[PDB]
file input23.cif (mmCIF, C-alpha atoms)
data_query
loop_
_atom_site.label_atom_id
_atom_site.label_comp_id
_atom_site.auth_asym_id
_atom_site.auth_seq_id
_atom_site.Cartn_x
_atom_site.Cartn_y
_atom_site.Cartn_z
CA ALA A 3 12.27 -6.82 6.95
CA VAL A 4 11.90 -3.04 7.46
CA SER A 5 10.98 -0.77 10.40
CA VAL A 6 8.33 1.95 9.98
CA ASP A 7 7.75 4.90 12.34
CA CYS A 8 4.09 5.97 12.56
CA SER A 9 3.74 7.01 16.22
CA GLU A 10 0.03 7.84 15.94
CA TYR A 11 -0.31 8.28 12.16
CA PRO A 12 -3.91 7.23 11.40
CA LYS A 13 -4.66 8.33 7.82
CA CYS A 14 -7.16 6.13 5.94
CA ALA A 15 -7.88 8.87 3.38
CA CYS A 16 -4.79 8.54 1.16
CA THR A 17 -5.37 7.88 -2.56
CA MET A 18 -2.37 8.48 -4.84
CA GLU A 19 0.86 6.55 -4.20
CA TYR A 20 0.03 3.03 -5.43
CA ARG A 21 2.21 0.38 -3.76
CA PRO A 22 1.07 -3.23 -3.38
CA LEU A 23 2.89 -4.34 -0.21
CA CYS A 24 2.50 -7.84 1.26
CA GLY A 25 1.37 -6.93 4.78
CA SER A 26 1.55 -9.48 7.61
CA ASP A 27 -2.25 -9.07 7.64
CA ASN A 28 -2.32 -11.77 4.91
CA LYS A 29 -3.06 -9.30 2.08
CA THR A 30 -1.51 -6.60 -0.08
CA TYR A 31 -1.61 -2.89 0.87
CA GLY A 32 -2.46 0.18 -1.25
CA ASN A 33 0.44 2.16 0.28
CA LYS A 34 2.34 2.85 3.52
CA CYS A 35 -0.54 5.20 4.38
CA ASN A 36 -2.87 2.19 4.52
CA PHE A 37 -0.17 0.25 6.40
CA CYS A 38 0.06 2.76 9.27
CA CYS A 39 -3.75 3.09 9.23
CA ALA A 40 -4.50 -0.64 9.48
CA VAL A 41 -1.94 -0.73 12.31
CA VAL A 42 -3.86 1.98 14.20
CA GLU A 43 -6.95 -0.29 14.13
CA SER A 44 -4.95 -3.52 14.60
CA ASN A 45 -3.59 -2.36 17.97
CA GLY A 46 -0.01 -2.68 16.68
CA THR A 47 -0.69 -6.34 15.81
CA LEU A 48 -0.26 -5.76 12.06
CA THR A 49 2.97 -5.45 10.06
CA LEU A 50 4.66 -5.91 6.65
CA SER A 51 5.78 -9.12 4.89
CA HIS A 52 7.46 -8.33 1.55
CA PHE A 53 6.76 -5.45 -0.88
CA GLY A 54 4.84 -7.12 -3.73
CA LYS A 55 1.56 -9.07 -4.07
CA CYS A 56 1.66 -11.66 -1.28
#

call {"tool": "encode", "arguments": {"input": "input23.cif", "output": "structure tokens"}}
result
Amino acid sequence: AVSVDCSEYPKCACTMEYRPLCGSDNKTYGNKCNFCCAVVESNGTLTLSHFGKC
């Protein structure tokens, strides 16, 4: 649905912008900072699904 550019953007210490995204990981996300962080540990096998509680 949307393309994100995080060429090496591991940041699992964000805590401010609240945004419940439906990530392809089968769950919601706390923000795009947690989306690019889970992707750094997913090996690029994680994505988005539809902004909003899955």

call {"tool": "resolve_selection", "arguments": {"input": "input23.cif", "expression": "the PyMOL selection byres ((chain A and resi 9) around 12)", "output": "VMD selection string"}}
result
chain A and resid 6 to 8 10 to 13 38 to 39 41 to 42 46

call {"tool": "atom_distance", "arguments": {"input": "input23.cif", "atom1": "CA of residue 16 (chain A)", "atom2": "CA of residue 28 (chain A)"}}
result
20.8 Å

call {"tool": "residues_around", "arguments": {"input": "input23.cif", "residues": "residue 48 (chain A)", "least_positions_apart": "3", "cutoff": "7 Å", "atoms": "only C-alpha atoms", "output": "PDB file with C-alpha atoms, in the frame of the given file"}}
result
ATOM      1  CA  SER A  26       1.550  -9.480   7.610  1.00  0.00           C
ATOM      2  CA  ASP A  27      -2.250  -9.070   7.640  1.00  0.00           C
ATOM      3  CA  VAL A  41      -1.940  -0.730  12.310  1.00  0.00           C
ATOM      4  CA  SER A  44      -4.950  -3.520  14.600  1.00  0.00           C
TER       5      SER A  44
END

call {"tool": "closest_residue", "arguments": {"input": "input23.cif", "among": "A:43, A:4, A:56, A:50", "to": "residue 25 (chain A)", "atoms": "all atoms listed in the file"}}
result
A:50

call {"tool": "atom_distance", "arguments": {"input": "input23.cif", "atom1": "CA of residue 53 (chain A)", "atom2": "CA of residue 5 (chain A)"}}
result
12.9 Å

call {"tool": "closest_residue", "arguments": {"input": "input23.cif", "among": "A:14, A:49, A:23, A:54", "to": "residue 35 (chain A)", "atoms": "only C-alpha atoms"}}
result
A:14

call {"tool": "atom_distance", "arguments": {"input": "input23.cif", "atom1": "CA of residue 24 (chain A)", "atom2": "CA of residue 45 (chain A)"}}
result
18.6 Å

call {"tool": "build_atoms", "arguments": {"input": "input23.cif", "residues": "region 14-35 of chain A", "atoms": "N, CA, C and O atoms", "output": "mmCIF file, keeping the file's coordinate frame"}}
result
data_model
loop_
_atom_site.group_PDB
_atom_site.id
_atom_site.type_symbol
_atom_site.label_atom_id
_atom_site.label_comp_id
_atom_site.auth_asym_id
_atom_site.auth_seq_id
_atom_site.Cartn_x
_atom_site.Cartn_y
_atom_site.Cartn_z
ATOM 1 N N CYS A 14 -6.524 7.056 6.920
ATOM 2 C CA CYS A 14 -7.160 6.130 5.940
ATOM 3 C C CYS A 14 -7.846 6.941 4.845
ATOM 4 O O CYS A 14 -8.904 6.585 4.362
ATOM 5 N N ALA A 15 -7.256 8.035 4.449
ATOM 6 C CA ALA A 15 -7.880 8.870 3.380
ATOM 7 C C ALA A 15 -6.860 9.116 2.267
ATOM 8 O O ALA A 15 -7.028 9.997 1.448
ATOM 9 N N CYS A 16 -5.806 8.346 2.225
ATOM 10 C CA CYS A 16 -4.790 8.540 1.160
ATOM 11 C C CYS A 16 -5.274 7.895 -0.138
ATOM 12 O O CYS A 16 -5.957 6.891 -0.122
ATOM 13 N N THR A 17 -4.927 8.462 -1.258
ATOM 14 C CA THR A 17 -5.370 7.880 -2.560
ATOM 15 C C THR A 17 -4.490 8.413 -3.686
ATOM 16 O O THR A 17 -4.920 9.219 -4.489
ATOM 17 N N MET A 18 -3.261 7.980 -3.760
ATOM 18 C CA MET A 18 -2.370 8.480 -4.840
ATOM 19 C C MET A 18 -1.197 7.520 -5.034
ATOM 20 O O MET A 18 -1.085 6.852 -6.042
ATOM 21 N N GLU A 19 -0.320 7.456 -4.076
ATOM 22 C CA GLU A 19 0.860 6.550 -4.200
ATOM 23 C C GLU A 19 0.387 5.096 -4.219
ATOM 24 O O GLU A 19 -0.033 4.555 -3.214
ATOM 25 N N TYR A 20 0.463 4.452 -5.353
ATOM 26 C CA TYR A 20 0.030 3.030 -5.430
ATOM 27 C C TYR A 20 1.219 2.121 -5.127
ATOM 28 O O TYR A 20 2.237 2.161 -5.792
ATOM 29 N N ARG A 21 1.097 1.300 -4.124
ATOM 30 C CA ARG A 21 2.210 0.380 -3.760
ATOM 31 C C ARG A 21 1.624 -0.876 -3.118
ATOM 32 O O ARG A 21 1.198 -0.841 -1.981
ATOM 33 N N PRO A 22 1.608 -1.953 -3.864
ATOM 34 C CA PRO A 22 1.070 -3.230 -3.380
ATOM 35 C C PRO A 22 2.076 -3.922 -2.456
ATOM 36 O O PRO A 22 2.963 -4.626 -2.896
ATOM 37 N N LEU A 23 1.945 -3.716 -1.173
ATOM 38 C CA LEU A 23 2.890 -4.340 -0.210
ATOM 39 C C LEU A 23 2.278 -5.612 0.376
ATOM 40 O O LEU A 23 1.100 -5.672 0.627
ATOM 41 N N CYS A 24 3.067 -6.610 0.644
ATOM 42 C CA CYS A 24 2.500 -7.840 1.260
ATOM 43 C C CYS A 24 2.511 -7.635 2.766
ATOM 44 O O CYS A 24 3.513 -7.824 3.419
ATOM 45 N N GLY A 25 1.412 -7.204 3.320
ATOM 46 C CA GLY A 25 1.370 -6.930 4.780
ATOM 47 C C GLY A 25 1.148 -8.213 5.568
ATOM 48 O O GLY A 25 0.441 -9.115 5.134
ATOM 49 N N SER A 26 1.727 -8.282 6.748
ATOM 50 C CA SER A 26 1.550 -9.480 7.610
ATOM 51 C C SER A 26 0.062 -9.740 7.860
ATOM 52 O O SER A 26 -0.311 -10.741 8.438
ATOM 53 N N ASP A 27 -0.798 -8.857 7.427
ATOM 54 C CA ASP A 27 -2.250 -9.070 7.640
ATOM 55 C C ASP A 27 -2.768 -10.108 6.637
ATOM 56 O O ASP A 27 -3.953 -10.360 6.556
ATOM 57 N N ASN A 28 -1.885 -10.723 5.885
ATOM 58 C CA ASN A 28 -2.320 -11.770 4.910
ATOM 59 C C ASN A 28 -2.860 -11.129 3.628
ATOM 60 O O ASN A 28 -3.584 -11.762 2.887
ATOM 61 N N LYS A 29 -2.530 -9.900 3.341
ATOM 62 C CA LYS A 29 -3.060 -9.300 2.080
ATOM 63 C C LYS A 29 -2.125 -8.217 1.589
ATOM 64 O O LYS A 29 -1.166 -7.874 2.242
ATOM 65 N N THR A 30 -2.397 -7.665 0.443
ATOM 66 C CA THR A 30 -1.510 -6.600 -0.080
ATOM 67 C C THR A 30 -2.011 -5.238 0.437
ATOM 68 O O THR A 30 -3.123 -5.116 0.911
ATOM 69 N N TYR A 31 -1.193 -4.224 0.366
ATOM 70 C CA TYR A 31 -1.610 -2.890 0.870
ATOM 71 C C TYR A 31 -1.634 -1.883 -0.283
ATOM 72 O O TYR A 31 -0.958 -2.050 -1.278
ATOM 73 N N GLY A 32 -2.403 -0.836 -0.158
ATOM 74 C CA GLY A 32 -2.460 0.180 -1.250
ATOM 75 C C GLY A 32 -1.298 1.160 -1.091
ATOM 76 O O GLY A 32 -0.937 1.861 -2.015
ATOM 77 N N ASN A 33 -0.706 1.221 0.073
ATOM 78 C CA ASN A 33 0.440 2.160 0.280
ATOM 79 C C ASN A 33 0.798 2.201 1.768
ATOM 80 O O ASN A 33 0.072 1.713 2.610
ATOM 81 N N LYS A 34 1.923 2.777 2.093
ATOM 82 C CA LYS A 34 2.340 2.850 3.520
ATOM 83 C C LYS A 34 1.310 3.648 4.316
ATOM 84 O O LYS A 34 1.239 3.557 5.525
ATOM 85 N N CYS A 35 0.497 4.416 3.648
ATOM 86 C CA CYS A 35 -0.540 5.200 4.380
ATOM 87 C C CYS A 35 -1.613 4.227 4.867
ATOM 88 O O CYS A 35 -2.193 4.401 5.921
#
